[PDB]
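The file input.pdb contains PDB, C-alpha atoms:
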ATOM      1  CA  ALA V   1      24.431 -25.267 -30.926
ATOM      2  CA  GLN V   2      20.954 -24.170 -29.900
ATOM      3  CA  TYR V   3      21.985 -23.524 -26.323
ATOM      4  CA  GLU V   4      25.236 -21.606 -26.191
ATOM      5  CA  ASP V   5      27.246 -20.387 -23.241
ATOM      6  CA  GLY V   6      26.878 -16.608 -23.154
ATOM      7  CA  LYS V   7      23.522 -16.830 -24.869
ATOM      8  CA  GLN V   8      20.754 -18.329 -22.739
ATOM      9  CA  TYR V   9      23.136 -18.781 -19.841
ATOM     10  CA  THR V  10      26.651 -18.001 -18.626
ATOM     11  CA  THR V  11      29.177 -20.219 -16.929
ATOM     12  CA  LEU V  12      30.704 -19.372 -13.579
ATOM     13  CA  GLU V  13      34.488 -19.134 -13.706
ATOM     14  CA  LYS V  14      34.357 -20.180 -10.070
ATOM     15  CA  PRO V  15      31.895 -23.084  -9.723
ATOM     16  CA  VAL V  16      30.248 -23.520  -6.330
ATOM     17  CA  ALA V  17      30.503 -27.036  -4.904
ATOM     18  CA  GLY V  18      27.635 -28.422  -2.803
ATOM     19  CA  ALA V  19      25.304 -25.754  -4.193
ATOM     20  CA  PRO V  20      21.537 -26.367  -4.355
ATOM     21  CA  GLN V  21      20.409 -27.895  -7.651
ATOM     22  CA  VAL V  22      18.173 -25.001  -8.652
ATOM     23  CA  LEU V  23      18.943 -21.797  -6.788
ATOM     24  CA  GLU V  24      16.963 -18.609  -7.315
ATOM     25  CA  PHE V  25      17.657 -15.147  -5.831
ATOM     26  CA  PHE V  26      15.209 -12.294  -5.464
ATOM     27  CA  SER V  27      14.333  -9.121  -3.539
ATOM     28  CA  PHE V  28      10.883  -7.745  -2.718
ATOM     29  CA  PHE V  29      12.294  -4.362  -3.881
ATOM     30  CA  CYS V  30      13.278  -5.842  -7.248
ATOM     31  CA  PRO V  31      10.881  -4.809 -10.046
ATOM     32  CA  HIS V  32      11.639  -7.700 -12.432
ATOM     33  CA  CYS V  33      11.252 -10.040  -9.479
ATOM     34  CA  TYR V  34       7.705  -8.749  -9.143
ATOM     35  CA  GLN V  35       7.107  -9.623 -12.788
ATOM     36  CA  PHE V  36       8.800 -13.024 -12.265
ATOM     37  CA  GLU V  37       6.517 -13.853  -9.394
ATOM     38  CA  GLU V  38       3.183 -12.280 -10.212
ATOM     39  CA  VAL V  39       3.035 -12.091 -13.993
ATOM     40  CA  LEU V  40       5.399 -14.769 -15.284
ATOM     41  CA  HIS V  41       5.234 -17.384 -12.523
ATOM     42  CA  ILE V  42       8.789 -18.414 -13.416
ATOM     43  CA  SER V  43       9.533 -20.493 -10.333
ATOM     44  CA  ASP V  44       6.365 -22.436 -10.835
ATOM     45  CA  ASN V  45       6.875 -23.126 -14.509
ATOM     46  CA  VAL V  46      10.484 -24.184 -14.004
ATOM     47  CA  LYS V  47       9.347 -26.662 -11.372
ATOM     48  CA  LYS V  48       6.741 -28.094 -13.764
ATOM     49  CA  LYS V  49       9.500 -28.923 -16.286
ATOM     50  CA  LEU V  50      12.204 -30.081 -13.907
ATOM     51  CA  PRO V  51      12.947 -33.776 -13.599
ATOM     52  CA  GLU V  52      11.843 -34.684 -10.124
ATOM     53  CA  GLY V  53      13.980 -35.683  -7.319
ATOM     54  CA  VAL V  54      15.055 -32.103  -8.022
ATOM     55  CA  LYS V  55      15.257 -29.609  -5.128
ATOM     56  CA  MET V  56      14.172 -26.059  -5.838
ATOM     57  CA  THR V  57      15.586 -23.295  -3.585
ATOM     58  CA  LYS V  58      14.688 -19.577  -3.398
ATOM     59  CA  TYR V  59      16.576 -16.934  -1.386
ATOM     60  CA  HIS V  60      16.105 -13.220  -0.586
ATOM     61  CA  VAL V  61      18.959 -10.696  -0.856
ATOM     62  CA  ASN V  62      20.198  -7.743   1.233
ATOM     63  CA  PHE V  63      21.634  -5.369  -1.335
ATOM     64  CA  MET V  64      18.325  -3.677  -2.166
ATOM     65  CA  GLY V  65      16.325  -1.400   0.134
ATOM     66  CA  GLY V  66      18.892  -0.776   2.843
ATOM     67  CA  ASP V  67      17.634  -1.486   6.361
ATOM     68  CA  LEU V  68      14.274  -2.838   5.210
ATOM     69  CA  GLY V  69      16.072  -5.061   2.737
ATOM     70  CA  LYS V  70      17.660  -6.937   5.626
ATOM     71  CA  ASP V  71      14.406  -7.068   7.544
ATOM     72  CA  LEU V  72      12.925  -8.677   4.464
ATOM     73  CA  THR V  73      15.667 -11.308   4.335
ATOM     74  CA  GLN V  74      15.090 -12.222   7.980
ATOM     75  CA  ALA V  75      11.334 -12.355   7.248
ATOM     76  CA  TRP V  76      11.868 -14.633   4.287
ATOM     77  CA  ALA V  77      13.919 -16.812   6.675
ATOM     78  CA  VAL V  78      10.823 -16.830   8.941
ATOM     79  CA  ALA V  79       8.617 -17.759   5.956
ATOM     80  CA  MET V  80      10.972 -20.681   5.086
ATOM     81  CA  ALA V  81      11.165 -22.021   8.633
ATOM     82  CA  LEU V  82       7.366 -21.941   9.023
ATOM     83  CA  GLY V  83       6.647 -23.191   5.525
ATOM     84  CA  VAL V  84       4.509 -20.185   4.703
ATOM     85  CA  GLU V  85       6.275 -18.874   1.594
ATOM     86  CA  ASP V  86       3.151 -19.248  -0.474
ATOM     87  CA  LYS V  87       0.913 -17.163   1.775
ATOM     88  CA  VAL V  88       3.209 -14.164   2.204
ATOM     89  CA  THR V  89       5.034 -13.841  -1.145
ATOM     90  CA  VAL V  90       2.327 -11.969  -2.973
ATOM     91  CA  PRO V  91       1.368  -9.593  -0.116
ATOM     92  CA  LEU V  92       5.038  -8.762   0.538
ATOM     93  CA  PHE V  93       5.576  -7.811  -3.112
ATOM     94  CA  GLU V  94       2.377  -5.788  -3.285
ATOM     95  CA  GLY V  95       3.059  -4.178   0.092
ATOM     96  CA  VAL V  96       6.524  -3.110  -1.080
ATOM     97  CA  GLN V  97       5.936  -2.153  -4.749
ATOM     98  CA  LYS V  98       2.202  -1.729  -5.414
ATOM     99  CA  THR V  99       0.620  -0.211  -2.307
ATOM    100  CA  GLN V 100       3.804   0.857  -0.478
ATOM    101  CA  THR V 101       2.387   0.075   2.919
ATOM    102  CA  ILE V 102       5.522  -1.774   4.031
ATOM    103  CA  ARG V 103       7.893   0.688   5.673
ATOM    104  CA  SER V 104       9.128  -1.054   8.768
ATOM    105  CA  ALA V 105       9.623  -4.485  10.281
ATOM    106  CA  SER V 106       6.290  -4.031  12.008
ATOM    107  CA  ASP V 107       4.540  -3.656   8.666
ATOM    108  CA  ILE V 108       6.252  -6.817   7.386
ATOM    109  CA  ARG V 109       4.939  -8.577  10.485
ATOM    110  CA  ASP V 110       1.350  -7.346   9.726
ATOM    111  CA  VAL V 111       1.442  -9.195   6.418
ATOM    112  CA  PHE V 112       2.191 -12.485   8.192
ATOM    113  CA  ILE V 113      -0.498 -11.769  10.848
ATOM    114  CA  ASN V 114      -2.976 -11.040   8.139
ATOM    115  CA  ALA V 115      -1.945 -14.258   6.382
ATOM    116  CA  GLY V 116      -2.929 -16.089   9.557
ATOM    117  CA  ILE V 117       0.395 -16.827  11.238
ATOM    118  CA  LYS V 118       0.005 -16.092  14.902
ATOM    119  CA  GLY V 119       1.872 -13.162  16.422
ATOM    120  CA  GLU V 120       3.485 -15.263  19.104
ATOM    121  CA  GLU V 121       4.567 -17.826  16.485
ATOM    122  CA  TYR V 122       5.985 -15.169  14.215
ATOM    123  CA  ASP V 123       7.928 -13.351  16.938
ATOM    124  CA  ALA V 124       9.345 -16.629  18.270
ATOM    125  CA  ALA V 125      10.381 -17.571  14.721
ATOM    126  CA  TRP V 126      11.781 -14.050  14.099
ATOM    127  CA  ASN V 127      13.983 -14.280  17.150
ATOM    128  CA  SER V 128      15.084 -17.916  16.811
ATOM    129  CA  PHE V 129      18.608 -19.180  16.132
ATOM    130  CA  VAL V 130      17.203 -21.515  13.468
ATOM    131  CA  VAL V 131      16.093 -18.346  11.652
ATOM    132  CA  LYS V 132      19.497 -16.758  12.280
ATOM    133  CA  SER V 133      21.284 -19.628  10.545
ATOM    134  CA  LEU V 134      18.714 -19.549   7.745
ATOM    135  CA  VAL V 135      19.641 -15.859   7.280
ATOM    136  CA  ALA V 136      23.323 -16.912   7.259
ATOM    137  CA  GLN V 137      22.581 -19.446   4.499
ATOM    138  CA  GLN V 138      20.879 -16.896   2.269
ATOM    139  CA  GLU V 139      23.783 -14.534   2.584
ATOM    140  CA  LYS V 140      26.412 -17.244   2.148
ATOM    141  CA  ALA V 141      24.777 -18.600  -1.016
ATOM    142  CA  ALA V 142      24.716 -15.074  -2.497
ATOM    143  CA  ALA V 143      28.317 -14.444  -1.457
ATOM    144  CA  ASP V 144      29.417 -17.752  -3.020
ATOM    145  CA  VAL V 145      28.359 -16.507  -6.449
ATOM    146  CA  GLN V 146      29.358 -12.880  -6.114
ATOM    147  CA  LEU V 147      25.742 -11.854  -6.550
ATOM    148  CA  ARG V 148      25.109  -8.237  -7.527
ATOM    149  CA  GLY V 149      21.815  -8.539  -9.373
ATOM    150  CA  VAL V 150      18.346 -10.049  -9.111
ATOM    151  CA  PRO V 151      16.347 -11.911 -10.307
ATOM    152  CA  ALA V 152      18.985 -14.565 -10.621
ATOM    153  CA  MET V 153      18.938 -18.319 -11.060
ATOM    154  CA  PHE V 154      21.848 -20.775 -10.794
ATOM    155  CA  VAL V 155      21.828 -24.432 -11.721
ATOM    156  CA  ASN V 156      24.099 -26.833  -9.797
ATOM    157  CA  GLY V 157      26.395 -24.015  -8.792
ATOM    158  CA  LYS V 158      27.833 -23.743 -12.291
ATOM    159  CA  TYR V 159      25.329 -22.144 -14.668
ATOM    160  CA  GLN V 160      23.533 -18.826 -14.505
ATOM    161  CA  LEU V 161      20.358 -18.113 -16.455
ATOM    162  CA  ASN V 162      20.704 -15.207 -18.846
ATOM    163  CA  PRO V 163      17.168 -13.926 -19.562
ATOM    164  CA  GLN V 164      18.450 -10.935 -21.559
ATOM    165  CA  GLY V 165      19.248 -13.476 -24.293
ATOM    166  CA  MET V 166      15.641 -14.724 -24.802
ATOM    167  CA  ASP V 167      12.690 -13.189 -26.749
ATOM    168  CA  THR V 168      10.353 -10.945 -24.726
ATOM    169  CA  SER V 169       7.728 -10.231 -27.421
ATOM    170  CA  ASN V 170       5.566 -12.939 -25.897
ATOM    171  CA  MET V 171       5.575 -13.473 -22.138
ATOM    172  CA  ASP V 172       4.476 -17.130 -22.457
ATOM    173  CA  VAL V 173       7.256 -17.907 -24.922
ATOM    174  CA  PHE V 174       9.716 -16.129 -22.639
ATOM    175  CA  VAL V 175       8.773 -18.351 -19.679
ATOM    176  CA  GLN V 176       8.909 -21.654 -21.615
ATOM    177  CA  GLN V 177      12.309 -20.815 -23.116
ATOM    178  CA  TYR V 178      13.433 -19.945 -19.610
ATOM    179  CA  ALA V 179      12.141 -23.153 -18.081
ATOM    180  CA  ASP V 180      13.404 -25.313 -20.956
ATOM    181  CA  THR V 181      16.822 -23.738 -20.467
ATOM    182  CA  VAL V 182      16.812 -24.643 -16.786
ATOM    183  CA  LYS V 183      15.859 -28.160 -17.791
ATOM    184  CA  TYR V 184      18.669 -28.263 -20.371
ATOM    185  CA  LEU V 185      21.175 -27.007 -17.808
ATOM    186  CA  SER V 186      19.819 -29.484 -15.309
ATOM    187  CA  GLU V 187      20.578 -32.448 -17.584
ATOM    188  CA  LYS V 188      24.070 -31.181 -18.355
TER     189      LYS V 188
END

For the structure just supplied, provide its representation as structure tokens.
Amino acid sequence: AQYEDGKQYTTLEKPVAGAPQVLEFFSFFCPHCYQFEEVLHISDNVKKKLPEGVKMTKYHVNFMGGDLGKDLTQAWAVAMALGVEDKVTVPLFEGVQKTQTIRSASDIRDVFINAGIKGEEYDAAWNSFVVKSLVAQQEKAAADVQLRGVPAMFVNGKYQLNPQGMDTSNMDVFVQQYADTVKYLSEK
């Protein structure tokens, strides 16, 4: 065929019931994730080709960057609860990988403050049980698929995107092939 298991995707031996339709995993420490976000705009281009009525989910992971890795997962939980993913994503990546000004939870907080979320609002979010369970979700979703690498995308809990099997000569062509694959998998 033109889309083959083990080529543009792999199949999970252990499918995950009740999984989000389109599930993406990343880490602010993850160098390809930086590419995916800032240069390739993967998430965005996938969304543009998805049928709609389709939920898109994105979660942070713990297994990179030790202690700060977990701070970042709790902070992404804060971003999700407050709906401010799109104001903090770029400065978190640049603060971690470009400028390296993020070294503690307090520095993560500064990014949100500078993005205009109020201190009081952030610290209440940070400390809230709704954020705790949002952290639990991120971890549980990763655990459900035995996740050991990012970036990672899963469709309907059964398919995993395999970008290593796509041409990288052209970044544009890489992204479209990627998004078209998600769409293919989506209609499976």

Q) So, counting all atoms listed in the file, which residue among V:132, V:158, V:98, V:55 is closest to residue 73 in chain V? A)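 Residue with the minimum atom-to-atom distance to residue 73 in chain V: V:132.
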
Q. Between CA of residue 159 in chain V and CA of residue 21 in chain V, what is the spacing in Å?
A.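 Those two atoms sit 10.3 Å apart.
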
Q. Given the file above and the PyMOL selection byres ((chain V and resi 110-114) around 9), which residues are selected, and can you give them as a PyMOL selection string?
A. chain V and resi 79+84+87-88+91-92+95+102+105-109+115-119+122

Q. Which one is closest to residue 81 in chain V: V:100, V:31, V:128, V:62? Count only C-alpha atoms.
A.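 Ranked by minimum distance to residue 81 in chain V, first place goes to V:128.
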
(Q) Could you list, as an MDAnalysis selection string, every residue within 8 Å of residue 16 in chain V, counting all atoms listed in the file and ignoring same-chain residues fewer than 5 positions away? (A) chainID V and resid 144:145 156:158

Q.
Given the point (10.1, -16.2, 12.4) in the file's coordinates, find the residues that have an atom at most 8 Å from it, counting all atoms listed in the file, and give them as number ranges by chain.
A. V: 74-75, 77-79, 81-82, 121-128, 131

Q) Residues picked by the PyMOL selection byres ((chain V and resi 182-188) around 10) here, as a list in words? A) residues 3, 8, 9, 21, 22, 46, 47, 48, 49, 50, 51, 54, 153, 154, 155, 156, 158, 159, 160, 161, 176, 177, 178, 179, 180 and 181 of chain V

For the residues in that selection, give me C-alpha atoms as a CSV table (one decimal), in the coordinates of the input.
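Generated output (again28.csv):
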chain,number,residue,atom,x,y,z
V,3,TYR,CA,22.0,-23.5,-26.3
V,8,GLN,CA,20.8,-18.3,-22.7
V,9,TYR,CA,23.1,-18.8,-19.8
V,21,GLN,CA,20.4,-27.9,-7.7
V,22,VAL,CA,18.2,-25.0,-8.7
V,46,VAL,CA,10.5,-24.2,-14.0
V,47,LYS,CA,9.3,-26.7,-11.4
V,48,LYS,CA,6.7,-28.1,-13.8
V,49,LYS,CA,9.5,-28.9,-16.3
V,50,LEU,CA,12.2,-30.1,-13.9
V,51,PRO,CA,12.9,-33.8,-13.6
V,54,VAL,CA,15.1,-32.1,-8.0
V,153,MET,CA,18.9,-18.3,-11.1
V,154,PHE,CA,21.8,-20.8,-10.8
V,155,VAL,CA,21.8,-24.4,-11.7
V,156,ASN,CA,24.1,-26.8,-9.8
V,158,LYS,CA,27.8,-23.7,-12.3
V,159,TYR,CA,25.3,-22.1,-14.7
V,160,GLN,CA,23.5,-18.8,-14.5
V,161,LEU,CA,20.4,-18.1,-16.5
V,176,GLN,CA,8.9,-21.7,-21.6
V,177,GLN,CA,12.3,-20.8,-23.1
V,178,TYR,CA,13.4,-19.9,-19.6
V,179,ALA,CA,12.1,-23.2,-18.1
V,180,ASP,CA,13.4,-25.3,-21.0
V,181,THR,CA,16.8,-23.7,-20.5

Q: List every protein, DNA or RNA residue that has at least one atom no more than 12 Å from (10.7, -6.6, -13.8) in the file's coordinates, counting all atoms listed in the file, and write the result as a PyMOL selection string.
A: chain V and resi 26-40+42+93+97+150-152+163-164+168+171

Q. CA of residue 142 in chain V and CA of residue 60 in chain V are how many Å apart?
A.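 Spanning CA of residue 142 in chain V to CA of residue 60 in chain V is a straight-line distance of 9.0 Å.
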
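Between CA of residue 129 in chain V and CA of residue 149 in chain V there is a distance of 27.8 Å.
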
Q. From the set V:120, V:66, V:58, V:41, which residue has the shortest atom-to-atom contact distance to residue 90 in chain V, counting all atoms listed in the file?
A.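 Between V:120, V:66, V:58, V:41, the residue approaching residue 90 in chain V most closely is V:41.
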